[PDB]
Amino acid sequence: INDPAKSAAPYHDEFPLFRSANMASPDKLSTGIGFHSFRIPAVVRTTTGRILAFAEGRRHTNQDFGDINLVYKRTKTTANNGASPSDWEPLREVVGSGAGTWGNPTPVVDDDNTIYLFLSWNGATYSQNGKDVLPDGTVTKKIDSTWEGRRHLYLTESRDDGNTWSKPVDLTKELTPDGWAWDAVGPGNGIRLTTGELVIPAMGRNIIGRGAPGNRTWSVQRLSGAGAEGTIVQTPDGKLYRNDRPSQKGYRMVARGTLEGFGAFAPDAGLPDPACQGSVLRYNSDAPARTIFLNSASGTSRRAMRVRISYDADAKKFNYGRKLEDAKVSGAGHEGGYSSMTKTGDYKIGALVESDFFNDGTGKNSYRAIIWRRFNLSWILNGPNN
(Lines of atoms letter the chains of each structure in order from A and count residues from 1; the text may use other names and numbers.)
(Lines give C-alpha, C1' and ligand atoms only; values in the text may rest on other atoms or scores of the structure.)
Protein backbone atom coordinates (compact mmCIF):
# COMPACT_ATOMS: atom_id res chain seq x y z
CA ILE A 1 0.00 0.00 0.00
CA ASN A 2 2.85 2.40 0.94
CA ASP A 3 5.08 4.03 -1.67
CA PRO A 4 8.37 5.59 -0.49
CA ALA A 5 8.37 7.76 -3.63
CA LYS A 6 5.45 9.83 -2.36
CA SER A 7 7.76 11.22 0.39
CA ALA A 8 10.33 12.47 -2.12
CA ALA A 9 10.16 16.14 -3.13
CA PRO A 10 7.83 16.19 -6.15
CA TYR A 11 9.44 17.37 -9.39
CA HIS A 12 8.07 18.46 -12.77
CA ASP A 13 9.29 20.45 -15.76
CA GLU A 14 7.98 20.78 -19.25
CA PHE A 15 8.69 22.64 -22.50
CA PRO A 16 8.01 22.17 -26.25
CA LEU A 17 10.66 19.91 -27.81
CA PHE A 18 9.39 19.76 -31.41
CA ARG A 19 8.34 23.26 -32.40
CA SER A 20 5.84 23.52 -35.33
CA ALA A 21 6.15 26.03 -38.24
CA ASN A 22 3.96 28.64 -36.51
CA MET A 23 6.09 28.89 -33.37
CA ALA A 24 9.04 31.19 -32.73
CA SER A 25 12.25 29.28 -33.50
CA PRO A 26 10.50 26.45 -35.43
CA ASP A 27 12.47 23.20 -35.71
CA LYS A 28 14.11 22.70 -39.09
CA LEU A 29 16.85 20.39 -40.31
CA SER A 30 20.40 21.60 -41.06
CA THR A 31 19.49 21.49 -44.77
CA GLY A 32 16.86 24.21 -44.22
CA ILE A 33 13.92 21.81 -44.56
CA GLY A 34 11.04 22.70 -42.25
CA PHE A 35 7.80 21.10 -41.03
CA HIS A 36 4.21 22.22 -40.62
CA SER A 37 3.61 19.81 -37.78
CA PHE A 38 5.29 17.26 -35.55
CA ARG A 39 3.23 14.21 -34.53
CA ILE A 40 3.63 10.59 -33.42
CA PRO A 41 6.36 10.77 -30.69
CA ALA A 42 8.68 8.00 -29.50
CA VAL A 43 11.38 8.19 -26.84
CA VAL A 44 14.04 5.89 -25.43
CA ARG A 45 16.98 6.17 -23.03
CA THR A 46 20.08 4.42 -24.36
CA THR A 47 22.58 2.34 -22.28
CA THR A 48 24.83 5.43 -22.06
CA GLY A 49 22.02 7.55 -20.58
CA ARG A 50 21.55 9.66 -23.72
CA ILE A 51 17.91 10.27 -24.59
CA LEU A 52 16.71 9.95 -28.20
CA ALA A 53 13.38 11.57 -29.08
CA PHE A 54 11.75 10.65 -32.41
CA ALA A 55 8.78 12.07 -34.26
CA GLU A 56 7.05 12.35 -37.58
CA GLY A 57 8.00 15.61 -39.31
CA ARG A 58 4.87 16.32 -41.35
CA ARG A 59 6.08 18.63 -44.04
CA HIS A 60 3.03 20.49 -45.39
CA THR A 61 0.00 19.76 -43.21
CA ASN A 62 -0.94 17.84 -40.08
CA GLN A 63 -2.32 14.91 -42.20
CA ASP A 64 -1.19 11.29 -41.76
CA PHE A 65 -0.32 10.87 -45.45
CA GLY A 66 1.85 12.85 -47.89
CA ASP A 67 5.50 13.90 -47.50
CA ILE A 68 6.47 12.94 -43.95
CA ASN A 69 10.02 12.50 -42.66
CA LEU A 70 11.27 10.64 -39.63
CA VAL A 71 12.98 13.21 -37.40
CA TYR A 72 14.76 13.18 -34.07
CA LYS A 73 16.68 15.05 -31.42
CA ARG A 74 19.25 13.77 -28.93
CA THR A 75 20.38 15.10 -25.56
CA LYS A 76 23.73 16.80 -26.18
CA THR A 77 25.37 14.69 -23.51
CA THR A 78 24.75 11.24 -22.00
CA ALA A 79 24.35 12.83 -18.52
CA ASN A 80 22.07 15.87 -18.88
CA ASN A 81 18.77 13.93 -18.89
CA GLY A 82 17.14 16.51 -21.20
CA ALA A 83 16.46 18.78 -18.20
CA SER A 84 16.30 22.08 -20.15
CA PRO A 85 15.91 23.21 -23.79
CA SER A 86 19.66 23.96 -24.07
CA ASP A 87 20.28 20.26 -23.12
CA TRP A 88 18.88 19.15 -26.49
CA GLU A 89 20.65 19.02 -29.87
CA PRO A 90 19.03 20.61 -32.96
CA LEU A 91 16.60 18.63 -35.11
CA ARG A 92 18.10 15.78 -37.14
CA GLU A 93 16.73 13.25 -39.66
CA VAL A 94 16.65 9.46 -39.58
CA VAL A 95 15.08 9.11 -43.02
CA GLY A 96 13.23 11.47 -45.37
CA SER A 97 13.74 10.10 -48.92
CA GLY A 98 10.90 10.60 -51.42
CA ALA A 99 7.55 12.42 -51.04
CA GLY A 100 5.84 9.46 -49.32
CA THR A 101 5.28 8.78 -45.59
CA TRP A 102 8.09 7.65 -43.24
CA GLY A 103 6.62 7.18 -39.78
CA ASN A 104 5.31 5.22 -36.85
CA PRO A 105 8.65 5.40 -34.97
CA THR A 106 8.94 2.32 -32.71
CA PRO A 107 12.41 2.13 -31.14
CA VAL A 108 14.00 -0.35 -28.76
CA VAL A 109 17.52 -0.30 -27.31
CA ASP A 110 19.36 -3.60 -27.37
CA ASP A 111 21.93 -4.87 -24.83
CA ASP A 112 24.96 -3.75 -26.90
CA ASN A 113 23.39 -0.27 -27.24
CA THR A 114 22.37 -0.91 -30.84
CA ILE A 115 19.24 1.20 -31.20
CA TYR A 116 16.72 -0.46 -33.49
CA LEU A 117 14.06 1.77 -35.04
CA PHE A 118 11.05 0.07 -36.60
CA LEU A 119 9.14 2.26 -39.05
CA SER A 120 6.11 2.22 -41.33
CA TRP A 121 6.23 3.61 -44.88
CA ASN A 122 3.71 4.42 -47.56
CA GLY A 123 4.07 5.90 -51.07
CA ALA A 124 3.56 9.53 -52.06
CA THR A 125 0.20 9.00 -53.77
CA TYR A 126 -1.53 6.64 -51.29
CA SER A 127 -3.50 7.24 -48.10
CA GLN A 128 -5.37 5.00 -45.65
CA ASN A 129 -8.80 6.22 -46.81
CA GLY A 130 -7.98 7.15 -50.41
CA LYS A 131 -9.31 10.15 -52.37
CA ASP A 132 -7.53 12.67 -50.15
CA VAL A 133 -6.28 15.85 -51.81
CA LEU A 134 -2.51 16.42 -51.57
CA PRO A 135 -1.12 20.01 -51.49
CA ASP A 136 -0.59 20.04 -55.30
CA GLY A 137 -4.17 18.91 -56.04
CA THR A 138 -3.29 15.24 -56.72
CA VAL A 139 -5.95 12.91 -55.34
CA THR A 140 -4.67 9.87 -53.40
CA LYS A 141 -5.26 6.20 -54.16
CA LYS A 142 -6.49 4.08 -51.27
CA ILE A 143 -3.73 2.05 -49.59
CA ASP A 144 -4.05 -1.45 -51.03
CA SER A 145 -2.42 -4.88 -51.14
CA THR A 146 0.05 -4.16 -54.02
CA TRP A 147 3.77 -3.63 -53.45
CA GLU A 148 3.54 0.04 -54.47
CA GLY A 149 0.30 0.67 -52.52
CA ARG A 150 0.66 -1.27 -49.25
CA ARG A 151 2.10 -0.17 -45.94
CA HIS A 152 5.69 -1.36 -45.58
CA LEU A 153 7.66 -2.22 -42.50
CA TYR A 154 11.17 -0.79 -42.43
CA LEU A 155 14.08 -1.23 -40.01
CA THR A 156 17.00 1.11 -39.31
CA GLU A 157 19.56 1.06 -36.52
CA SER A 158 22.26 3.18 -34.89
CA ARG A 159 25.55 1.84 -33.57
CA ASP A 160 26.85 5.19 -32.24
CA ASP A 161 24.26 6.21 -29.66
CA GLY A 162 21.85 7.74 -32.22
CA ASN A 163 24.45 9.91 -33.91
CA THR A 164 23.95 8.20 -37.31
CA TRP A 165 21.39 5.78 -38.79
CA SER A 166 21.50 3.09 -41.51
CA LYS A 167 19.44 3.43 -44.70
CA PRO A 168 16.18 1.66 -43.65
CA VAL A 169 15.95 -1.96 -44.77
CA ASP A 170 12.54 -3.18 -45.97
CA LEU A 171 11.33 -6.15 -43.89
CA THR A 172 7.75 -6.22 -45.19
CA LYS A 173 7.95 -9.63 -46.85
CA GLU A 174 9.57 -11.06 -43.72
CA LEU A 175 7.55 -9.50 -40.89
CA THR A 176 4.22 -8.41 -42.43
CA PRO A 177 1.70 -11.12 -43.39
CA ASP A 178 1.13 -11.49 -47.14
CA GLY A 179 -1.87 -9.74 -48.71
CA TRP A 180 -1.99 -7.02 -46.09
CA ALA A 181 -2.63 -3.41 -47.13
CA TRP A 182 -2.81 -1.10 -44.14
CA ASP A 183 -0.23 -1.81 -41.43
CA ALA A 184 1.28 -0.05 -38.42
CA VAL A 185 4.25 -0.66 -36.15
CA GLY A 186 3.74 0.79 -32.65
CA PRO A 187 4.00 3.68 -32.56
CA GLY A 188 5.95 4.31 -29.37
CA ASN A 189 8.49 1.71 -28.22
CA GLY A 190 9.53 -1.93 -28.11
CA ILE A 191 10.88 -3.60 -24.98
CA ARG A 192 13.68 -5.91 -23.87
CA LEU A 193 12.54 -8.76 -21.64
CA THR A 194 14.17 -9.96 -18.45
CA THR A 195 14.67 -13.24 -20.34
CA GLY A 196 16.66 -11.42 -23.06
CA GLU A 197 14.29 -11.23 -26.11
CA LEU A 198 13.00 -8.05 -27.80
CA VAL A 199 9.28 -7.44 -28.30
CA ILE A 200 8.00 -4.81 -30.72
CA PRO A 201 4.26 -4.21 -30.81
CA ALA A 202 2.60 -3.96 -34.23
CA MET A 203 -0.82 -4.29 -35.88
CA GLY A 204 -2.30 -7.75 -35.22
CA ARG A 205 1.03 -9.14 -34.06
CA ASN A 206 4.21 -8.83 -32.05
CA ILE A 207 7.63 -8.79 -33.67
CA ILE A 208 10.03 -10.89 -31.63
CA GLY A 209 13.81 -10.47 -31.68
CA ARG A 210 16.03 -13.33 -30.51
CA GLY A 211 19.75 -14.07 -30.33
CA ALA A 212 22.79 -11.79 -30.12
CA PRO A 213 22.15 -8.10 -29.17
CA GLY A 214 22.22 -5.81 -32.21
CA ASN A 215 22.25 -8.89 -34.46
CA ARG A 216 18.78 -10.29 -33.75
CA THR A 217 16.74 -12.89 -35.60
CA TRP A 218 13.17 -11.55 -36.08
CA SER A 219 9.94 -13.54 -36.11
CA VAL A 220 6.20 -12.80 -36.05
CA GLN A 221 3.85 -13.66 -33.17
CA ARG A 222 0.34 -13.48 -34.56
CA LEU A 223 -2.34 -12.24 -32.23
CA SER A 224 -6.10 -12.66 -32.21
CA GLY A 225 -8.19 -9.53 -31.70
CA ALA A 226 -5.30 -7.07 -31.34
CA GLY A 227 -5.43 -3.43 -32.40
CA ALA A 228 -3.62 -1.53 -35.15
CA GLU A 229 -1.70 0.60 -32.60
CA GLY A 230 -0.41 -1.55 -29.76
CA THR A 231 1.72 -1.12 -26.65
CA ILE A 232 3.70 -3.84 -24.89
CA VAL A 233 5.22 -4.14 -21.45
CA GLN A 234 6.54 -6.89 -19.28
CA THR A 235 4.51 -6.83 -16.06
CA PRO A 236 6.15 -7.55 -12.67
CA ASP A 237 5.13 -11.26 -12.85
CA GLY A 238 7.35 -11.53 -15.97
CA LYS A 239 4.38 -11.97 -18.28
CA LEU A 240 3.68 -9.88 -21.41
CA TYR A 241 0.89 -7.30 -21.54
CA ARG A 242 -0.58 -5.75 -24.68
CA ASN A 243 -2.55 -2.56 -24.18
CA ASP A 244 -3.91 -1.47 -27.51
CA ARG A 245 -5.91 1.41 -28.97
CA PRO A 246 -9.55 0.41 -29.43
CA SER A 247 -11.16 0.29 -32.88
CA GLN A 248 -13.94 2.57 -31.62
CA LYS A 249 -13.97 5.16 -28.83
CA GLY A 250 -14.31 3.65 -25.37
CA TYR A 251 -11.60 1.83 -23.43
CA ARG A 252 -8.07 0.47 -23.85
CA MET A 253 -8.02 -3.13 -25.05
CA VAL A 254 -5.80 -5.36 -22.90
CA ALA A 255 -4.49 -8.92 -23.35
CA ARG A 256 -1.88 -10.87 -21.40
CA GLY A 257 0.39 -13.75 -22.38
CA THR A 258 3.92 -14.94 -23.09
CA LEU A 259 6.17 -15.66 -26.06
CA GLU A 260 4.15 -18.90 -26.39
CA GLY A 261 0.89 -17.00 -26.90
CA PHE A 262 -1.73 -14.56 -25.63
CA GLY A 263 -5.23 -14.74 -24.19
CA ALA A 264 -8.14 -12.71 -25.51
CA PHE A 265 -8.26 -8.93 -25.60
CA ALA A 266 -10.89 -7.33 -23.38
CA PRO A 267 -11.63 -3.69 -22.61
CA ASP A 268 -10.15 -2.32 -19.35
CA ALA A 269 -13.11 -0.47 -17.81
CA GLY A 270 -10.61 1.43 -15.64
CA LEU A 271 -8.84 2.95 -18.68
CA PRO A 272 -11.15 5.06 -20.87
CA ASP A 273 -9.66 6.02 -24.24
CA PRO A 274 -10.95 8.16 -27.12
CA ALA A 275 -9.55 5.86 -29.85
CA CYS A 276 -6.03 7.23 -29.63
CA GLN A 277 -2.49 5.85 -29.10
CA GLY A 278 -1.13 5.54 -25.53
CA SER A 279 2.13 4.53 -23.86
CA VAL A 280 3.27 2.09 -21.12
CA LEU A 281 6.55 1.91 -19.13
CA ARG A 282 8.15 -0.76 -16.96
CA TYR A 283 9.49 1.32 -14.09
CA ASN A 284 11.02 -1.16 -11.55
CA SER A 285 10.61 -4.74 -10.31
CA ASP A 286 11.66 -4.57 -6.63
CA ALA A 287 9.01 -3.75 -3.97
CA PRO A 288 6.99 -1.83 -4.74
CA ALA A 289 7.05 -2.93 -8.39
CA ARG A 290 5.57 -0.31 -10.74
CA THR A 291 4.12 -0.05 -14.27
CA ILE A 292 3.36 3.37 -15.69
CA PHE A 293 0.62 4.16 -18.20
CA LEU A 294 -0.18 7.35 -20.14
CA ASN A 295 -3.15 8.15 -22.37
CA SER A 296 -6.09 10.49 -22.70
CA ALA A 297 -8.39 9.42 -19.86
CA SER A 298 -11.60 10.14 -21.78
CA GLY A 299 -14.01 8.33 -24.07
CA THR A 300 -14.42 11.44 -26.25
CA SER A 301 -11.41 13.77 -26.08
CA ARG A 302 -7.64 13.59 -26.58
CA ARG A 303 -7.18 16.51 -24.16
CA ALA A 304 -7.42 14.45 -20.98
CA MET A 305 -3.80 13.26 -20.56
CA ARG A 306 -3.32 11.24 -17.40
CA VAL A 307 -0.23 9.40 -16.17
CA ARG A 308 -0.94 6.40 -13.81
CA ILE A 309 0.83 3.77 -11.71
CA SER A 310 -0.08 0.13 -11.27
CA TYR A 311 1.34 -1.92 -8.41
CA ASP A 312 -0.35 -5.13 -9.58
CA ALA A 313 1.86 -8.03 -10.61
CA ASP A 314 -0.24 -8.26 -13.81
CA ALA A 315 -1.07 -4.51 -14.14
CA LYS A 316 -4.73 -5.41 -13.55
CA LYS A 317 -5.60 -1.98 -12.13
CA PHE A 318 -3.96 1.41 -12.44
CA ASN A 319 -4.47 4.19 -9.89
CA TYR A 320 -6.26 7.44 -10.83
CA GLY A 321 -2.84 9.01 -11.40
CA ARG A 322 -2.30 12.66 -12.34
CA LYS A 323 -3.67 14.95 -15.05
CA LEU A 324 -0.83 16.48 -17.08
CA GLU A 325 -2.81 19.77 -17.04
CA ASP A 326 -1.77 20.14 -13.35
CA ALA A 327 1.53 21.22 -14.89
CA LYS A 328 0.39 22.84 -18.12
CA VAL A 329 2.75 24.21 -20.75
CA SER A 330 2.03 27.63 -22.15
CA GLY A 331 2.40 28.72 -25.77
CA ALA A 332 2.51 25.23 -27.29
CA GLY A 333 -1.20 24.80 -28.11
CA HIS A 334 -3.69 22.43 -26.51
CA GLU A 335 -1.85 19.43 -25.03
CA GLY A 336 -3.09 15.92 -25.70
CA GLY A 337 -2.88 13.02 -28.14
CA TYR A 338 -0.14 10.40 -28.70
CA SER A 339 2.56 9.92 -26.06
CA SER A 340 5.81 8.04 -25.27
CA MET A 341 7.67 7.50 -21.98
CA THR A 342 11.17 6.56 -20.87
CA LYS A 343 12.98 6.53 -17.55
CA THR A 344 15.71 9.16 -17.24
CA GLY A 345 19.07 8.65 -15.55
CA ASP A 346 18.12 11.04 -12.75
CA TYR A 347 15.11 9.00 -11.54
CA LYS A 348 12.45 10.84 -13.49
CA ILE A 349 9.93 9.79 -16.06
CA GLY A 350 10.41 11.54 -19.43
CA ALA A 351 7.33 11.83 -21.60
CA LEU A 352 6.68 13.19 -25.08
CA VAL A 353 3.07 14.36 -25.66
CA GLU A 354 1.38 15.75 -28.75
CA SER A 355 -0.12 19.25 -28.66
CA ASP A 356 -2.53 20.94 -31.05
CA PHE A 357 -2.81 24.70 -31.69
CA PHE A 358 -6.31 24.04 -33.15
CA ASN A 359 -6.00 27.22 -35.29
CA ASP A 360 -7.80 25.40 -38.14
CA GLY A 361 -10.00 23.36 -35.77
CA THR A 362 -10.09 19.74 -36.90
CA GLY A 363 -8.65 20.77 -40.30
CA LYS A 364 -5.34 20.02 -42.06
CA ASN A 365 -3.78 23.41 -41.25
CA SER A 366 -3.87 23.05 -37.42
CA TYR A 367 -0.25 23.20 -36.23
CA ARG A 368 0.90 20.25 -34.13
CA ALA A 369 3.76 20.48 -31.62
CA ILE A 370 5.37 17.96 -29.23
CA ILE A 371 5.90 18.59 -25.51
CA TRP A 372 8.71 17.13 -23.43
CA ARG A 373 7.93 16.55 -19.79
CA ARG A 374 9.88 15.27 -16.86
CA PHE A 375 8.22 14.38 -13.57
CA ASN A 376 9.07 11.99 -10.78
CA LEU A 377 6.87 9.37 -9.14
CA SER A 378 6.37 11.71 -6.19
CA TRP A 379 4.79 14.24 -8.54
CA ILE A 380 2.37 11.56 -9.79
CA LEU A 381 1.50 10.35 -6.27
CA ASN A 382 0.90 13.78 -4.75
CA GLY A 383 -1.78 14.68 -7.32
CA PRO A 384 -5.11 16.10 -6.08
CA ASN A 385 -7.17 13.24 -7.49
CA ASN A 386 -5.54 10.16 -5.97
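The first residue of the shown sequence is 1; numbering continues from there.
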134 to 142 versus 91 to 99 - which carries the larger mean C-alpha B factor in the record: 134 to 142
Residue range whose averaged C-alpha B-factor is higher in the record, 344 to 352 or 322 to 330: 322 to 330
Maximum C-alpha temperature factor, selected from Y154, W147, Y311, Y116: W147
Of the residues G257, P105, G299, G278, the one carrying the largest Cα B-factor as recorded: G299
For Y11, the third of its chain into which the C-alpha B factor falls: highest
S339 - Cα temperature factor, lowest/middle/highest third of chain: lowest
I371 - which third its CA temperature factor falls in, relative to the rest of the chain: middle
Record-listed C-alpha B factor of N284: chain third: highest
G57, C-alpha B-factor rank within chain (lowest, middle or highest third): lowest
